[PDB]
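Participant: Take a look at the following structure, please.
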RNA sequence: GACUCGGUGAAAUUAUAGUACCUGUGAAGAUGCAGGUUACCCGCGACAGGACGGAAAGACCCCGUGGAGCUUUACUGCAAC
RNA sequence: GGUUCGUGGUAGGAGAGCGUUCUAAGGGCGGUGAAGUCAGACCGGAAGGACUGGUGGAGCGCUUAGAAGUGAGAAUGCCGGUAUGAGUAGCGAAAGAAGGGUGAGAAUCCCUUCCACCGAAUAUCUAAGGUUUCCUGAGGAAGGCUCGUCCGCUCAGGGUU
RNA sequence: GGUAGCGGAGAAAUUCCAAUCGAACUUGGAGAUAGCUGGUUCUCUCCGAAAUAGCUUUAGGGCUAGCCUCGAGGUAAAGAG
RNA sequence: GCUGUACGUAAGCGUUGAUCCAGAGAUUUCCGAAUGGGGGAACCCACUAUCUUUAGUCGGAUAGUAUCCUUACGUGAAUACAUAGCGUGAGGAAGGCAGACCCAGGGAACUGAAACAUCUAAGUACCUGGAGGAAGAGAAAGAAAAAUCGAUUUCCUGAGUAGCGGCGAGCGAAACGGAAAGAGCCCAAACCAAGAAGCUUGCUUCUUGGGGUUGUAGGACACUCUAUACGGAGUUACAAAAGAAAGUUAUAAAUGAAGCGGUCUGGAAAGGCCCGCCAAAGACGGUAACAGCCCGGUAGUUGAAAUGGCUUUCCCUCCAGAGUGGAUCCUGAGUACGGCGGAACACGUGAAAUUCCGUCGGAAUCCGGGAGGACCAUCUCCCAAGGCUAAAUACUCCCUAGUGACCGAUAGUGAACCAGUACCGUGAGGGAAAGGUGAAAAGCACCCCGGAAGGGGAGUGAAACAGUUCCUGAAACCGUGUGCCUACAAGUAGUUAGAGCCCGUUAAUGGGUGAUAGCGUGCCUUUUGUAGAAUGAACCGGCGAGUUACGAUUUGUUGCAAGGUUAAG
Ligand SMILES: [K+]
Ligand SMILES: [K+]
Ligand SMILES: [K+]
Ligand SMILES: [K+]
Ligand SMILES: [K+]
Ligand SMILES: [K+]
Ligand SMILES: [K+]
Ligand SMILES: [Mg+2]
Ligand SMILES: [Mg+2]
Ligand SMILES: [Mg+2]
Ligand SMILES: [Mg+2]
Ligand SMILES: [Mg+2]
Ligand SMILES: [Mg+2]
Ligand SMILES: [Mg+2]
Ligand SMILES: [Mg+2]
Ligand SMILES: [Mg+2]
Ligand SMILES: [Mg+2]
Ligand SMILES: [Mg+2]
Ligand SMILES: [Mg+2]
Ligand SMILES: [Mg+2]
Ligand SMILES: [Mg+2]
Ligand SMILES: [Mg+2]
Ligand SMILES: [Mg+2]
Ligand SMILES: [Mg+2]
Ligand SMILES: [Mg+2]
Ligand SMILES: [Mg+2]
Ligand SMILES: [Mg+2]
Ligand SMILES: [Mg+2]
Ligand SMILES: [Mg+2]
Ligand SMILES: [Mg+2]
Ligand SMILES: [Mg+2]
Ligand SMILES: [Mg+2]
Ligand SMILES: [Mg+2]
Ligand SMILES: [Mg+2]
Ligand SMILES: [Mg+2]
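Protein chains in written order, with our numbering: chain A, 12 to 108; chain B, 13 to 107.
Here it is as structure tokens:
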């Protein structure tokens, strides 16, 4: 309240809409994936069992924030281009679930 | 009441401690006993239809039952009491 | 009635009070401050200038995005026709 | 423990504490006298805390923590008590007097006599209403605007065919 | 005996409806709401304002800023004379 | 031992077993729904039957007699059969509360939006009706989505999200998920049988029995196999009403260890000191003061004639269920939907799905029908218009046992006391105040003043400065007495200097008083500013104002740390 002066929110406009089929994905980085011995297989179930993840919100997504040092096969719902590149460059491989 | 009219009695506590006497009355509505020679007390009595002479009278007053202990009429010494059944008649027992 | 005697015995009020006057100052109208002037202590009956006296959170005035009652071609409605 | 600069303060911010009620634990005093209360010329920088003595006559402190119905001088505050005015206003329309008597006590009660008041009423009946206030015998705490030996007051017995 | 409150009665005055009537009394919603007044209880120590701008169906209210306090920061020490 | 609180005197009963306690019975005036009729509450007046008294009237007992609903039966009109109506009998209800919880009908405003009307407050308060111990809801015409789940309810979350909204103030879910608790069933209809009513006249159309109840559709109807009590189920739904027995529990009770230990204080010992003891018992309370060992009792162990409940057993009662076909037939009609008008769903007509009410219209009915937030198609899920259903949930006038960092008599219930009283009011209705002798009445014999009250002694008691508002007994307030000052003086009343006089202390550069001298316009509030001729307070005492729940944010602390933490349960 501002004394009958028009409030800030009433002097500016509404914006947008909430989508109903919105998909938000659990965000995994590369730094975590150094925890595993090379040549093994990473999965959603494994990442939950290890407590890295609790909520598979609408899926998993692996982002290239950081670095890996280790060869790995990874499988998830969506990857970023850069993280795919880094995984391959370490000799890893990628599957899309 | 563990003490009854007609009993012989020892006094545990009080100013009249160590003394003994008979039980002349009992009041279980108040847990008091009226005992001879114990708690004698001076009543300032105006004359009336009885005690028409009036005066200061020494008479016994009641004292509490817990201040009192029973005596076995055979030993003559004071005894805490239990209860047993003789035949089909409950009784009082010394111990 | 009031006044004195005898009996009985309230009230409104009340910050504490050993409660003068003039002139002045001061929230601009002082029993209470200043400076001067008067004034031994305690009461009784009478008067009412002041205590901006008592009573009644001014009824005048203004304010409140307070209220009630009334009016109408104010607005929106309702019954009834 | 030192040096330098400071140390008026409303609204208001910040901090450190005093004290009350209760709880837990530890450790205590207290019928050879607790809390409380009364008086004191003691203590601490403050809120406040001890000591002594009297009264009281059975419970209460201290320590460290914790929790709060937490500390009043004002609200034309609320309830209770007591003042002030103040021995004041008032004692509620009216004619009483004296003698005898009762009685601890009499303007006030009872009796007598004179006097005075109402008299289309201040009389006699009776509804409504009130509900024992009627009668008798005792009584005088309170009530009665004084008084009281009296009462429509208090007690106890009766009384309405 | 009848008429009862969004009502009734009025030879009509806002008159009367149990000492209340421009809309009874009581109980409840109800601790109505009150930008209004009043009040708000112990101590010390440090610091210490404002009564301005702007906007406001706003003017004795409020909001933001200016002014106070407390804490933490950061340095190419920026403040003051 | 007893004849209550409740003293008293009188008179009496009790071990040939009282008073008392528990269970079941009996009796239970009059009023009140109040019911034989009336009625101004607790009053009045009756009738019909049988009996009784009187010489007979008069009078007395006992039983029945309300209204409505349903049901039979009998009478019975206009009107002719008949129905209405009337009467009788068998059942049933009526009314009250616990100011609580829930279901429906009806339904505000104050307030908030810093006006206000949509909106909010709020489907709240209130009225009314129905109830029941819970109610309501409920066994998918569901929730959902590349995967399915399997009745309802309640809780945690989702989430203050999605969204609604003068898109303002504000209103605000649901599902998934996780838990408590768990349970599933019955009709209708086709179809068979009987009966009656129409003769719908060889067809219906109503009352009962069987049959059957559902979605990959199920059933009737055809067959096979079983089945007639083999076995199973049950009064908590699935049908309903009874009975016994056993055990357990509740409503009375019983038994129950150990110090009269010594000594000190003391009015009194339960306390101090020194010795012991018991403990499945050191709960509580009482007792002349603080008791495990004094009393009642507690732990423990026992027990109930009678009645009530629960759990089991028996009796009793009652019980066709699988399969394959699928000619045909059935599957909730004036509903389901739609229009109009309103409402409930978080959803304010908004694009407005879903549910409900009123009124208009008005389907298909299995190659059918609904929903998936307008709507269309496809897909998926599901069968409405009929009914029942425990448990988990909500509340507490009550009973039993118990608890409190709850009150402790201006508190705590309004009410610790004869309080919903006194009192106020015509009434509805409002509504107080008021606790404490003592361990024990031992409650002051007797004397004196006095008419009494009240005192002073005496005496009781530890104590009467504990004496019938009686533990303690503050302050305002009223007084008695006295050490110092005061009748030439004004002064917010004190302070500072200070003589003289008087005392002697928590002993310290002390106390009380103050001639006289200097200075000095209360407190609070609100104000630019108040001694203020502005406000408030008579005084004294008590009570009397930032708190709690949930959430946001920040600071500090602690723990773990790219981890941390669990909620319900
Ligand atoms: K005057
Ligand atoms: K003392
Ligand atoms: K009235
Ligand atoms: K039900
Ligand atoms: K005890
Ligand atoms: K709609
Ligand atoms: K569905
Ligand atoms: Mg504006
Ligand atoms: Mg005069
Ligand atoms: Mg005014
Ligand atoms: Mg300062
Ligand atoms: Mg308080
Ligand atoms: Mg005068
Ligand atoms: Mg006079
Ligand atoms: Mg005349
Ligand atoms: Mg008389
Ligand atoms: Mg008198
Ligand atoms: Mg006029
Ligand atoms: Mg309200
Ligand atoms: Mg109010
Ligand atoms: Mg300063
Ligand atoms: Mg408003
Ligand atoms: Mg004592
Ligand atoms: Mg539809
Ligand atoms: Mg519509
Ligand atoms: Mg709505
Ligand atoms: Mg319709
Ligand atoms: Mg859709
Ligand atoms: Mg008291
Ligand atoms: Mg009270
Ligand atoms: Mg006293
Ligand atoms: Mg002189
Ligand atoms: Mg003045
Ligand atoms: Mg005043
Ligand atoms: Mg006061």
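Ideal placement from N, C-alpha and C gives every residue a C-beta, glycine not left out.
1. Look up residue 70 of chain B in the DSSP assignment and give the residues it is bridged to.
2. Just verifying my parser: in three-state terms, what is the DSSP assignment at residue 20 of chain A?
3. With distances taken from CA atoms, which of B:36, B:101 and B:69 is nearest residue 55 of chain B?
4. At which residues does the alpha helix (DSSP H) containing residue 96 of chain A begin and terminate?
5. Am I right that residue 33 of chain B and residue 50 of chain B are in contact with their C-beta atoms under 8 Å? What's the rounded C-beta distance?
6. Considering only C-alpha positions, which residue in the set B:91, B:101 and B:53 is nearest to residue 73 of chain B?
7. Is the distance from the Cβ of residue 92 of chain A to the Cβ of residue 41 of chain A below 9 Å?
8. What does the Cβ neighbour count give for residue 105 of chain B, buried or exposed, with the cut at 16 atoms within 10 Å?
9. Residue 76 of chain B bridges to which residues according to DSSP?
10. At the level of alpha carbons, what is the spacing between residue 84 of chain B and residue 103 of chain B?
11. Since residue 74 of chain A is in the beta strand (DSSP E), which residue starts that stretch and which ends it?
12. Could you spell out the range, first to last residue, of the beta strand (DSSP E) harbouring residue 36 of chain B?
13. Give me, in chain order, the residues of the same chain whose beta-carbon lies closer than 7 Å to that of residue 26 of chain B; leave out the 5 immediate sequence neighbours on both sides.
Facilitator: Let me lay it out:
1. Along the second chain, read from residue 1 onward, the residue named residue 70 of chain B stands at position 58. Beta-bridge partners assigned by DSSP to residue 70 of chain B: B:54.
2. For the purposes of this step, residue 20 of chain A is taken as residue 9 along the first chain, with counting starting at 1. If DSSP states are grouped into helix, strand and coil, residue 20 of chain A belongs with the helices.
3. Counting from one through the second chain, the residue named residue 55 of chain B turns up at place 43. If we check each option's Cα against that of residue 55 of chain B, B:69 comes out closest.
4. Translated into the one-based positions of the first chain, residue 96 of chain A becomes position 85. It spans 92-100 - the alpha helix (DSSP H) in which residue 96 of chain A sits, taken as one unbroken run.
5. As a working note, residue 33 of chain B is residue 21 in the second chain. As a working note, residue 50 of chain B is residue 38 in the second chain. Residue 33 of chain B to residue 50 of chain B, Cβ: 5 Å. Contact.
6. Here residue 73 of chain B refers to the residue found at position 61 when the second chain is read from its first residue. Ranked by Cα distance from residue 73 of chain B, the first of B:91, B:101 and B:53 is B:53.
7. Here residue 92 of chain A corresponds to residue number 81 of the first chain, with the count starting at 1. Here residue 41 of chain A corresponds to residue number 30 of the first chain, with the count starting at 1. It is not a contact, given that the beta carbons lie outside the stated cut-off.
8. The residue labelled residue 105 of chain B in the question sits at position 93 within the second chain. Burial call: exposed.
9. In the second chain, residue 76 of chain B corresponds to position 64, counting from 1. Per DSSP, B:44.
10. Numbered from 1 along the second chain, position 72 holds the residue referred to as residue 84 of chain B. Numbered from 1 along the second chain, position 91 holds the residue referred to as residue 103 of chain B. Straight-line measurement puts the Cα of residue 103 of chain B at about 13 Å from the Cα of residue 84 of chain B.
11. For this step, residue 74 of chain A is matched to residue 63 along the first chain. Boundaries for residue 74 of chain A: no beta strand (DSSP E) harbours it, and the DSSP string shows neither H nor E there.
12. As a working mapping, residue 36 of chain B is identified with position 24 in the second chain. Note, residue 36 of chain B: beta strand (DSSP E), 32-39.
13. For this step, residue 26 of chain B is matched to residue 14 along the second chain. So the list reads 75 and 79, once near-sequence residues are dropped.
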